[PDB]
Each structure stands twice: as structure tokens, then as C-alpha cells.
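Peer 1: Got a file for you: structure_13.pdb, PDB, N, CA and C atoms.
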```
ATOM      1  N   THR W 208     -77.143  26.079 -24.212  1.00  0.00           N
ATOM      2  CA  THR W 208     -78.312  25.841 -25.045  1.00  0.00           C
ATOM      3  C   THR W 208     -79.109  24.696 -24.447  1.00  0.00           C
ATOM      4  N   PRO W 209     -80.371  24.543 -24.853  1.00  0.00           N
ATOM      5  CA  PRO W 209     -81.142  23.352 -24.468  1.00  0.00           C
ATOM      6  C   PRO W 209     -80.816  22.157 -25.351  1.00  0.00           C
ATOM      7  N   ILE W 210     -79.663  22.204 -26.018  1.00  0.00           N
ATOM      8  CA  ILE W 210     -79.360  21.324 -27.141  1.00  0.00           C
ATOM      9  C   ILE W 210     -79.527  19.861 -26.746  1.00  0.00           C
ATOM     10  N   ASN W 211     -80.536  19.209 -27.314  1.00  0.00           N
ATOM     11  CA  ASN W 211     -80.637  17.753 -27.327  1.00  0.00           C
ATOM     12  C   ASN W 211     -80.975  17.204 -28.706  1.00  0.00           C
ATOM     13  N   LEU W 212     -81.866  17.875 -29.443  1.00  0.00           N
ATOM     14  CA  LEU W 212     -82.282  17.510 -30.797  1.00  0.00           C
ATOM     15  C   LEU W 212     -82.242  16.005 -31.058  1.00  0.00           C
ATOM     16  N   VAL W 213     -82.012  15.606 -32.314  1.00  0.00           N
ATOM     17  CA  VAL W 213     -81.943  14.204 -32.708  1.00  0.00           C
ATOM     18  C   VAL W 213     -80.616  13.881 -33.390  1.00  0.00           C
ATOM     19  N   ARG W 214     -80.241  14.665 -34.400  1.00  0.00           N
ATOM     20  CA  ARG W 214     -78.987  14.454 -35.110  1.00  0.00           C
ATOM     21  C   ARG W 214     -78.573  15.760 -35.773  1.00  0.00           C
ATOM     22  N   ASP W 215     -77.265  16.018 -35.787  1.00  0.00           N
ATOM     23  CA  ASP W 215     -76.724  17.238 -36.375  1.00  0.00           C
ATOM     24  C   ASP W 215     -77.256  18.454 -35.629  1.00  0.00           C
ATOM     25  N   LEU W 216     -77.017  19.658 -36.167  1.00  0.00           N
ATOM     26  CA  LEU W 216     -77.444  20.865 -35.476  1.00  0.00           C
ATOM     27  C   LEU W 216     -78.876  21.236 -35.853  1.00  0.00           C
ATOM     28  N   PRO W 217     -79.621  21.871 -34.936  1.00  0.00           N
ATOM     29  CA  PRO W 217     -81.004  22.250 -35.246  1.00  0.00           C
ATOM     30  C   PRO W 217     -81.106  23.607 -35.928  1.00  0.00           C
ATOM     31  N   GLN W 218     -82.334  24.073 -36.142  1.00  0.00           N
ATOM     32  CA  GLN W 218     -82.614  25.400 -36.689  1.00  0.00           C
ATOM     33  C   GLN W 218     -83.102  26.265 -35.526  1.00  0.00           C
ATOM     34  N   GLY W 219     -82.159  26.879 -34.811  1.00  0.00           N
ATOM     35  CA  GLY W 219     -82.489  27.702 -33.660  1.00  0.00           C
ATOM     36  C   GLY W 219     -81.719  29.006 -33.628  1.00  0.00           C
ATOM     37  N   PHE W 220     -81.546  29.594 -32.443  1.00  0.00           N
ATOM     38  CA  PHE W 220     -80.825  30.856 -32.359  1.00  0.00           C
ATOM     39  C   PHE W 220     -80.538  31.181 -30.899  1.00  0.00           C
ATOM     40  N   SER W 221     -79.332  31.679 -30.637  1.00  0.00           N
ATOM     41  CA  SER W 221     -78.938  32.198 -29.331  1.00  0.00           C
ATOM     42  C   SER W 221     -77.551  32.811 -29.492  1.00  0.00           C
ATOM     43  N   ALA W 222     -77.043  33.400 -28.410  1.00  0.00           N
ATOM     44  CA  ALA W 222     -75.832  34.207 -28.487  1.00  0.00           C
ATOM     45  C   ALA W 222     -74.995  34.059 -27.221  1.00  0.00           C
ATOM     46  N   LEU W 223     -73.717  34.426 -27.344  1.00  0.00           N
ATOM     47  CA  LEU W 223     -72.747  34.330 -26.261  1.00  0.00           C
ATOM     48  C   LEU W 223     -72.879  35.503 -25.294  1.00  0.00           C
ATOM     49  N   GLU W 224     -72.139  35.410 -24.195  1.00  0.00           N
ATOM     50  CA  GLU W 224     -72.029  36.492 -23.218  1.00  0.00           C
ATOM     51  C   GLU W 224     -70.584  36.540 -22.735  1.00  0.00           C
ATOM     52  N   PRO W 225     -69.788  37.527 -23.155  1.00  0.00           N
ATOM     53  CA  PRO W 225     -68.351  37.494 -22.851  1.00  0.00           C
ATOM     54  C   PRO W 225     -68.070  37.547 -21.357  1.00  0.00           C
ATOM     55  N   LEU W 226     -66.944  36.944 -20.970  1.00  0.00           N
ATOM     56  CA  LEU W 226     -66.572  36.787 -19.570  1.00  0.00           C
ATOM     57  C   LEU W 226     -65.356  37.620 -19.186  1.00  0.00           C
ATOM     58  N   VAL W 227     -64.227  37.460 -19.883  1.00  0.00           N
ATOM     59  CA  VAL W 227     -62.979  38.104 -19.488  1.00  0.00           C
ATOM     60  C   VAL W 227     -62.123  38.359 -20.720  1.00  0.00           C
ATOM     61  N   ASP W 228     -61.273  39.380 -20.623  1.00  0.00           N
ATOM     62  CA  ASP W 228     -60.255  39.676 -21.624  1.00  0.00           C
ATOM     63  C   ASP W 228     -58.925  39.850 -20.906  1.00  0.00           C
ATOM     64  N   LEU W 229     -57.976  38.947 -21.176  1.00  0.00           N
ATOM     65  CA  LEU W 229     -56.680  38.966 -20.515  1.00  0.00           C
ATOM     66  C   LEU W 229     -55.584  39.396 -21.489  1.00  0.00           C
ATOM     67  N   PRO W 230     -54.491  39.988 -20.991  1.00  0.00           N
ATOM     68  CA  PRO W 230     -53.481  40.596 -21.881  1.00  0.00           C
ATOM     69  C   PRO W 230     -52.356  39.649 -22.290  1.00  0.00           C
ATOM     70  N   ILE W 231     -52.654  38.729 -23.209  1.00  0.00           N
ATOM     71  CA  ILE W 231     -51.594  37.895 -23.772  1.00  0.00           C
ATOM     72  C   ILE W 231     -51.026  38.529 -25.035  1.00  0.00           C
ATOM     73  N   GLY W 232     -51.891  38.896 -25.979  1.00  0.00           N
ATOM     74  CA  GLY W 232     -51.431  39.425 -27.247  1.00  0.00           C
ATOM     75  C   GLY W 232     -50.364  38.539 -27.853  1.00  0.00           C
ATOM     76  N   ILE W 233     -49.134  39.052 -27.896  1.00  0.00           N
ATOM     77  CA  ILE W 233     -47.931  38.291 -28.227  1.00  0.00           C
ATOM     78  C   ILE W 233     -48.187  37.257 -29.320  1.00  0.00           C
ATOM     79  N   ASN W 234     -48.894  37.655 -30.380  1.00  0.00           N
ATOM     80  CA  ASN W 234     -48.947  36.873 -31.615  1.00  0.00           C
ATOM     81  C   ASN W 234     -49.462  35.455 -31.337  1.00  0.00           C
ATOM     82  N   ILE W 235     -50.737  35.397 -30.960  1.00  0.00           N
ATOM     83  CA  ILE W 235     -51.379  34.134 -30.605  1.00  0.00           C
ATOM     84  C   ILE W 235     -51.845  33.420 -31.868  1.00  0.00           C
ATOM     85  N   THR W 236     -51.490  32.143 -31.986  1.00  0.00           N
ATOM     86  CA  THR W 236     -51.983  31.278 -33.054  1.00  0.00           C
ATOM     87  C   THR W 236     -52.018  29.846 -32.528  1.00  0.00           C
ATOM     88  N   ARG W 237     -52.318  28.907 -33.421  1.00  0.00           N
ATOM     89  CA  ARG W 237     -52.275  27.474 -33.134  1.00  0.00           C
ATOM     90  C   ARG W 237     -53.010  27.140 -31.834  1.00  0.00           C
ATOM     91  N   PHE W 238     -54.312  27.409 -31.827  1.00  0.00           N
ATOM     92  CA  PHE W 238     -55.149  26.908 -30.747  1.00  0.00           C
ATOM     93  C   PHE W 238     -55.237  25.390 -30.841  1.00  0.00           C
ATOM     94  N   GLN W 239     -55.267  24.732 -29.686  1.00  0.00           N
ATOM     95  CA  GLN W 239     -55.229  23.276 -29.628  1.00  0.00           C
ATOM     96  C   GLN W 239     -56.160  22.794 -28.529  1.00  0.00           C
ATOM     97  N   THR W 240     -57.162  22.010 -28.912  1.00  0.00           N
ATOM     98  CA  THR W 240     -58.040  21.381 -27.939  1.00  0.00           C
ATOM     99  C   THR W 240     -57.272  20.384 -27.078  1.00  0.00           C
ATOM    100  N   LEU W 241     -57.729  20.225 -25.837  1.00  0.00           N
ATOM    101  CA  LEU W 241     -57.149  19.274 -24.891  1.00  0.00           C
ATOM    102  C   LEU W 241     -58.149  18.138 -24.704  1.00  0.00           C
ATOM    103  N   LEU W 242     -57.991  17.077 -25.491  1.00  0.00           N
ATOM    104  CA  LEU W 242     -58.880  15.928 -25.400  1.00  0.00           C
ATOM    105  C   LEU W 242     -58.535  15.074 -24.188  1.00  0.00           C
ATOM    106  N   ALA W 243     -59.569  14.557 -23.531  1.00  0.00           N
ATOM    107  CA  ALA W 243     -59.399  13.679 -22.388  1.00  0.00           C
ATOM    108  C   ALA W 243     -59.431  12.220 -22.842  1.00  0.00           C
ATOM    109  N   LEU W 244     -59.215  11.310 -21.896  1.00  0.00           N
ATOM    110  CA  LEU W 244     -59.256   9.879 -22.183  1.00  0.00           C
ATOM    111  C   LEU W 244     -60.316   9.188 -21.332  1.00  0.00           C
TER     112      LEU W 244
ATOM    113  N   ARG F 454     -33.546  45.875 -29.066  1.00  0.00           N
ATOM    114  CA  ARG F 454     -33.474  45.148 -30.326  1.00  0.00           C
ATOM    115  C   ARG F 454     -33.104  46.109 -31.448  1.00  0.00           C
ATOM    116  N   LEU F 455     -31.986  45.830 -32.118  1.00  0.00           N
ATOM    117  CA  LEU F 455     -31.518  46.652 -33.225  1.00  0.00           C
ATOM    118  C   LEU F 455     -31.864  46.063 -34.584  1.00  0.00           C
ATOM    119  N   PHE F 456     -31.997  44.742 -34.678  1.00  0.00           N
ATOM    120  CA  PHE F 456     -32.305  44.055 -35.923  1.00  0.00           C
ATOM    121  C   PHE F 456     -33.574  43.234 -35.753  1.00  0.00           C
ATOM    122  N   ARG F 457     -34.391  43.197 -36.802  1.00  0.00           N
ATOM    123  CA  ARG F 457     -35.612  42.405 -36.790  1.00  0.00           C
ATOM    124  C   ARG F 457     -36.061  42.186 -38.227  1.00  0.00           C
ATOM    125  N   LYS F 458     -36.540  40.974 -38.513  1.00  0.00           N
ATOM    126  CA  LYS F 458     -36.943  40.643 -39.877  1.00  0.00           C
ATOM    127  C   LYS F 458     -38.079  41.541 -40.352  1.00  0.00           C
ATOM    128  N   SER F 459     -39.077  41.768 -39.500  1.00  0.00           N
ATOM    129  CA  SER F 459     -40.217  42.603 -39.844  1.00  0.00           C
ATOM    130  C   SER F 459     -40.570  43.488 -38.659  1.00  0.00           C
ATOM    131  N   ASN F 460     -41.057  44.690 -38.959  1.00  0.00           N
ATOM    132  CA  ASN F 460     -41.439  45.623 -37.907  1.00  0.00           C
ATOM    133  C   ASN F 460     -42.526  45.016 -37.029  1.00  0.00           C
ATOM    134  N   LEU F 461     -42.343  45.119 -35.717  1.00  0.00           N
ATOM    135  CA  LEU F 461     -43.332  44.605 -34.783  1.00  0.00           C
ATOM    136  C   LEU F 461     -44.579  45.482 -34.793  1.00  0.00           C
ATOM    137  N   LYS F 462     -45.727  44.848 -34.578  1.00  0.00           N
ATOM    138  CA  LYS F 462     -46.977  45.577 -34.492  1.00  0.00           C
ATOM    139  C   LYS F 462     -47.033  46.360 -33.182  1.00  0.00           C
ATOM    140  N   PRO F 463     -47.914  47.356 -33.091  1.00  0.00           N
ATOM    141  CA  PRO F 463     -48.013  48.127 -31.846  1.00  0.00           C
ATOM    142  C   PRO F 463     -48.329  47.226 -30.661  1.00  0.00           C
ATOM    143  N   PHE F 464     -47.706  47.532 -29.523  1.00  0.00           N
ATOM    144  CA  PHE F 464     -47.870  46.745 -28.302  1.00  0.00           C
ATOM    145  C   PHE F 464     -47.500  45.282 -28.544  1.00  0.00           C
ATOM    146  N   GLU F 465     -46.298  45.071 -29.075  1.00  0.00           N
ATOM    147  CA  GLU F 465     -45.769  43.742 -29.337  1.00  0.00           C
ATOM    148  C   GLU F 465     -44.430  43.580 -28.631  1.00  0.00           C
ATOM    149  N   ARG F 466     -44.164  42.368 -28.153  1.00  0.00           N
ATOM    150  CA  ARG F 466     -42.937  42.048 -27.438  1.00  0.00           C
ATOM    151  C   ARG F 466     -42.106  41.070 -28.256  1.00  0.00           C
ATOM    152  N   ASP F 467     -40.792  41.291 -28.277  1.00  0.00           N
ATOM    153  CA  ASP F 467     -39.852  40.429 -28.995  1.00  0.00           C
ATOM    154  C   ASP F 467     -38.718  40.067 -28.040  1.00  0.00           C
ATOM    155  N   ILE F 468     -38.912  38.987 -27.277  1.00  0.00           N
ATOM    156  CA  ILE F 468     -37.861  38.471 -26.402  1.00  0.00           C
ATOM    157  C   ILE F 468     -36.970  37.460 -27.109  1.00  0.00           C
ATOM    158  N   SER F 469     -37.337  37.028 -28.312  1.00  0.00           N
ATOM    159  CA  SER F 469     -36.563  36.025 -29.024  1.00  0.00           C
ATOM    160  C   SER F 469     -35.182  36.566 -29.387  1.00  0.00           C
ATOM    161  N   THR F 470     -34.230  35.646 -29.516  1.00  0.00           N
ATOM    162  CA  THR F 470     -32.851  35.963 -29.871  1.00  0.00           C
ATOM    163  C   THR F 470     -32.528  35.501 -31.289  1.00  0.00           C
ATOM    164  N   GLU F 471     -33.504  35.596 -32.189  1.00  0.00           N
ATOM    165  CA  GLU F 471     -33.316  35.137 -33.559  1.00  0.00           C
ATOM    166  C   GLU F 471     -32.234  35.963 -34.243  1.00  0.00           C
ATOM    167  N   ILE F 472     -31.242  35.282 -34.818  1.00  0.00           N
ATOM    168  CA  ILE F 472     -30.185  35.972 -35.545  1.00  0.00           C
ATOM    169  C   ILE F 472     -30.742  36.523 -36.850  1.00  0.00           C
ATOM    170  N   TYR F 473     -30.365  37.756 -37.173  1.00  0.00           N
ATOM    171  CA  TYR F 473     -30.844  38.432 -38.369  1.00  0.00           C
ATOM    172  C   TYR F 473     -29.796  38.366 -39.473  1.00  0.00           C
ATOM    173  N   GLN F 474     -30.273  38.370 -40.717  1.00  0.00           N
ATOM    174  CA  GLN F 474     -29.424  38.274 -41.903  1.00  0.00           C
ATOM    175  C   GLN F 474     -29.210  39.634 -42.556  1.00  0.00           C
ATOM    176  N   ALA F 475     -29.049  40.684 -41.753  1.00  0.00           N
ATOM    177  CA  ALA F 475     -28.852  42.040 -42.263  1.00  0.00           C
ATOM    178  C   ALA F 475     -27.877  42.071 -43.436  1.00  0.00           C
ATOM    179  N   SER F 477     -26.629  41.012 -46.877  1.00  0.00           N
ATOM    180  CA  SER F 477     -27.249  40.336 -48.011  1.00  0.00           C
ATOM    181  C   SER F 477     -26.824  38.873 -48.074  1.00  0.00           C
ATOM    182  N   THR F 478     -25.672  38.567 -47.487  1.00  0.00           N
ATOM    183  CA  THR F 478     -25.178  37.196 -47.468  1.00  0.00           C
ATOM    184  C   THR F 478     -25.910  36.403 -46.390  1.00  0.00           C
ATOM    185  N   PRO F 479     -26.626  35.332 -46.736  1.00  0.00           N
ATOM    186  CA  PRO F 479     -27.312  34.551 -45.700  1.00  0.00           C
ATOM    187  C   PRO F 479     -26.328  33.937 -44.715  1.00  0.00           C
ATOM    188  N   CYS F 480     -26.763  33.841 -43.463  1.00  0.00           N
ATOM    189  CA  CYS F 480     -25.999  33.213 -42.396  1.00  0.00           C
ATOM    190  C   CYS F 480     -26.733  31.969 -41.911  1.00  0.00           C
ATOM    191  N   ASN F 481     -26.045  31.186 -41.086  1.00  0.00           N
ATOM    192  CA  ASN F 481     -26.607  29.947 -40.556  1.00  0.00           C
ATOM    193  C   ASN F 481     -26.580  29.942 -39.031  1.00  0.00           C
ATOM    194  N   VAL F 483     -21.261  33.161 -37.116  1.00  0.00           N
ATOM    195  CA  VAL F 483     -22.409  33.890 -37.638  1.00  0.00           C
ATOM    196  C   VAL F 483     -22.457  35.286 -37.030  1.00  0.00           C
ATOM    197  N   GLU F 484     -21.283  35.842 -36.743  1.00  0.00           N
ATOM    198  CA  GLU F 484     -21.171  37.171 -36.158  1.00  0.00           C
ATOM    199  C   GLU F 484     -20.056  37.914 -36.887  1.00  0.00           C
ATOM    200  N   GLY F 485     -19.694  39.072 -36.368  1.00  0.00           N
ATOM    201  CA  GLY F 485     -18.642  39.888 -36.966  1.00  0.00           C
ATOM    202  C   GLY F 485     -19.114  40.802 -38.076  1.00  0.00           C
ATOM    203  N   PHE F 486     -19.832  40.251 -39.052  1.00  0.00           N
ATOM    204  CA  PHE F 486     -20.338  41.047 -40.161  1.00  0.00           C
ATOM    205  C   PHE F 486     -21.468  40.291 -40.845  1.00  0.00           C
ATOM    206  N   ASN F 487     -22.420  41.056 -41.384  1.00  0.00           N
ATOM    207  CA  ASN F 487     -23.528  40.631 -42.242  1.00  0.00           C
ATOM    208  C   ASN F 487     -24.600  39.837 -41.501  1.00  0.00           C
ATOM    209  N   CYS F 488     -24.384  39.482 -40.235  1.00  0.00           N
ATOM    210  CA  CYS F 488     -25.431  38.882 -39.416  1.00  0.00           C
ATOM    211  C   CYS F 488     -25.039  38.986 -37.948  1.00  0.00           C
ATOM    212  N   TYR F 489     -25.872  39.644 -37.144  1.00  0.00           N
ATOM    213  CA  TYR F 489     -25.530  39.988 -35.773  1.00  0.00           C
ATOM    214  C   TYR F 489     -26.576  39.435 -34.815  1.00  0.00           C
ATOM    215  N   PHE F 490     -26.222  39.447 -33.536  1.00  0.00           N
ATOM    216  CA  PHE F 490     -27.204  39.222 -32.489  1.00  0.00           C
ATOM    217  C   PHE F 490     -28.257  40.324 -32.565  1.00  0.00           C
ATOM    218  N   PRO F 491     -29.551  39.995 -32.527  1.00  0.00           N
ATOM    219  CA  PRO F 491     -30.563  41.052 -32.691  1.00  0.00           C
ATOM    220  C   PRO F 491     -30.442  42.166 -31.669  1.00  0.00           C
ATOM    221  N   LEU F 492     -30.003  41.857 -30.453  1.00  0.00           N
ATOM    222  CA  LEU F 492     -29.953  42.834 -29.378  1.00  0.00           C
ATOM    223  C   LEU F 492     -28.643  43.612 -29.405  1.00  0.00           C
ATOM    224  N   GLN F 493     -28.687  44.823 -28.852  1.00  0.00           N
ATOM    225  CA  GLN F 493     -27.514  45.670 -28.701  1.00  0.00           C
ATOM    226  C   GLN F 493     -27.633  46.412 -27.378  1.00  0.00           C
ATOM    227  N   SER F 494     -26.507  46.577 -26.692  1.00  0.00           N
ATOM    228  CA  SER F 494     -26.506  47.079 -25.327  1.00  0.00           C
ATOM    229  C   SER F 494     -26.327  48.594 -25.285  1.00  0.00           C
ATOM    230  N   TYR F 495     -26.659  49.167 -24.131  1.00  0.00           N
ATOM    231  CA  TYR F 495     -26.536  50.596 -23.887  1.00  0.00           C
ATOM    232  C   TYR F 495     -25.296  50.876 -23.049  1.00  0.00           C
ATOM    233  N   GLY F 496     -24.594  51.953 -23.388  1.00  0.00           N
ATOM    234  CA  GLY F 496     -23.446  52.380 -22.613  1.00  0.00           C
ATOM    235  C   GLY F 496     -23.814  53.401 -21.556  1.00  0.00           C
ATOM    236  N   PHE F 497     -24.759  53.052 -20.686  1.00  0.00           N
ATOM    237  CA  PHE F 497     -25.222  53.973 -19.652  1.00  0.00           C
ATOM    238  C   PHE F 497     -24.129  54.156 -18.606  1.00  0.00           C
ATOM    239  N   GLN F 498     -23.467  55.308 -18.635  1.00  0.00           N
ATOM    240  CA  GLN F 498     -22.447  55.660 -17.662  1.00  0.00           C
ATOM    241  C   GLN F 498     -22.713  57.058 -17.126  1.00  0.00           C
ATOM    242  N   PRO F 499     -22.349  57.329 -15.869  1.00  0.00           N
ATOM    243  CA  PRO F 499     -22.536  58.692 -15.347  1.00  0.00           C
ATOM    244  C   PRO F 499     -21.816  59.746 -16.165  1.00  0.00           C
ATOM    245  N   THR F 500     -20.657  59.414 -16.737  1.00  0.00           N
ATOM    246  CA  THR F 500     -19.932  60.369 -17.566  1.00  0.00           C
ATOM    247  C   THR F 500     -20.680  60.704 -18.849  1.00  0.00           C
ATOM    248  N   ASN F 501     -21.605  59.849 -19.279  1.00  0.00           N
ATOM    249  CA  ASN F 501     -22.338  60.105 -20.510  1.00  0.00           C
ATOM    250  C   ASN F 501     -23.154  61.386 -20.387  1.00  0.00           C
ATOM    251  N   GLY F 502     -23.241  62.125 -21.487  1.00  0.00           N
ATOM    252  CA  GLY F 502     -23.956  63.382 -21.486  1.00  0.00           C
ATOM    253  C   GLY F 502     -25.460  63.192 -21.491  1.00  0.00           C
TER     254      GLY F 502
END
```
Would you mind writing the file out in C-alpha cells?
Peer 2:
Amino acid sequence: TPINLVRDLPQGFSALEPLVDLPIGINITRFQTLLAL
Amino acid sequence: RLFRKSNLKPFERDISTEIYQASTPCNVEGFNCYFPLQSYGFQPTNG
């Protein structure tokens, strides 16, 4: 996005474009972000 | 796998060795709770 705005999210619109689908399946849950330091 | 708590969904894998409680709860072999897996007697003599 061109996202810069001022504060919080703006009133705009756009959409994703999928990249890949890999075969994990196997009951996926508990997504966890990897924060840096 | 001969025992499982709940039926697996289509295209699902169960490599876990979770012991099943097939009515007396267990915490564990011989009777009423077994190793989930069971082996095949594949022998040439088998029909």
C-alpha cells in the first residue's frame, strides 16, 4: 500500500495477490509472530 | 493406527503415539488401554 497517513488506518481500498500454497495441512493452529530486537 | 480418540479428517496424518482409553481411564497396557498402533503379520505363507 502507499500507507503513510497520519494516525490509525485510513479510508481506502486494495487487495492481496496470492503467492504459493504448500502442503502442510496436519491440523495447523497457534500462529506466532517472530518479533525482532 | 487401530485406536484414536476422534476420526481423522480426510487427508490427515497421525504419527503421534497417544495412548487411547478404549471405559476405565488409564494414565497402561494389557487391557482397557493400548498402544494406538498395531502391526501387520505380513508373511509369504499368509493367504
Peer 1: Within 8 Å of chain F, which residues of chain W show up when using all atoms listed in the file, listed as an mmCIF file with N, CA and C atoms, keeping the file's coordinate frame?
Peer 2:
```
data_model
loop_
_atom_site.group_PDB
_atom_site.id
_atom_site.type_symbol
_atom_site.label_atom_id
_atom_site.label_comp_id
_atom_site.auth_asym_id
_atom_site.auth_seq_id
_atom_site.Cartn_x
_atom_site.Cartn_y
_atom_site.Cartn_z
ATOM 1 N N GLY W 232 -51.891 38.896 -25.979
ATOM 2 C CA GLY W 232 -51.431 39.425 -27.247
ATOM 3 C C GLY W 232 -50.364 38.539 -27.853
ATOM 4 N N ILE W 233 -49.134 39.052 -27.896
ATOM 5 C CA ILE W 233 -47.931 38.291 -28.227
ATOM 6 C C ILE W 233 -48.187 37.257 -29.320
ATOM 7 N N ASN W 234 -48.894 37.655 -30.380
ATOM 8 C CA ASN W 234 -48.947 36.873 -31.615
ATOM 9 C C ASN W 234 -49.462 35.455 -31.337
#
```
Peer 1: Running the PyMOL selection byres (((chain F and resi 492 and name CA) around 8) and name CA) on this model by hand, what would come out? Give it as a VMD selection string.
Peer 2: chain F and resid 454 to 456 470 490 to 491 493 to 494
Peer 1: List the residues matched by the PyMOL selection byres (((chain F and resi 475 and name CA) around 7) and name CA) in the displayed structure as JSON, numbers by chain, ordered by chain and then by residue number.
Peer 2: {"F": [473, 474, 477, 487, 488]}
Peer 1: What is the distance between atom C of residue W:226 and atom CA of residue F:463, in Å to one decimal?
Peer 2: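 Answer for the atom C of residue W:226 to atom CA of residue F:463 separation: 23.9 Å.
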Peer 1: Of the candidates W:229, W:240, W:221, W:235, which shows the shortest atom-to-atom distance to residue W:208, using all atoms listed in the file?
Peer 2: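 That would be W:221, the residue with the smallest distance to residue W:208.
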Peer 1: Could you check how far atom CA of residue W:227 sits from atom CA of residue F:461, in Å to one decimal?
Peer 2: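 Atom CA of residue W:227 sits 25.7 Å away from atom CA of residue F:461.
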